[PDB]
Amino acid sequence: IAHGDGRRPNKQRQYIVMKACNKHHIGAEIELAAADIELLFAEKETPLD
Amino acid sequence: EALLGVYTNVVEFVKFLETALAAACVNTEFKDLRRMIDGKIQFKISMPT
């Protein structure tokens with residue numbers, strides 16, 4: 100906005116802004132017993148099995 | 051010269067229950083004997099006088 104005092108005039112301006120992503124990683128560890136993975140595949144024998 | 055015969059055996063299959071030895075035993079098929087710890091037969095002999 101111009102005005103009538105002795106101040107210098109104002110040229111038009113421009114602003115240029117740069118933004119970027121941030122990478123984030125997540126990890127969880129599960130252990131499964133070897134007998135538990137095995138007997139999911141072993142065959143049915145009896146009602147107690 | 052030529053062959054005359056090629057002869058083999060057939061194995062005489064004798065199971066436990068066909069023999070008369072099972073008169074001296076009592077046969078029960080038991081699915082999971084791998085799981086048993088102990089057996090137990092419990093007598094209570096009341097003696098008269």
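Residue numbers (the deposited numbering), protein chains in the order written: chain W, 100 to 148; chain T, 51 to 99. No residue lacks a Cβ here, since even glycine has one placed at the ideal position from N, Cα and C.
Identification of residues in the stretch 123 to 147 of chain W having a C-beta nearer than 7 Å to some C-beta of chain T yields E144, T145, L147, given in sequence order. If you draw a straight line from the Cα of W/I115 to the Cα of W/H123, it is about 27 Å long. Around T/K81, the beta-carbon contacts reaching into chain W at under 8 Å are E144, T145, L147. Distance from the CA atom of W/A141 to the CA atom of W/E128, rounded to whole angstroms, is 26 Å. Pairing W/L147 with T/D82 gives a Cβ-Cβ distance under 8 Å.
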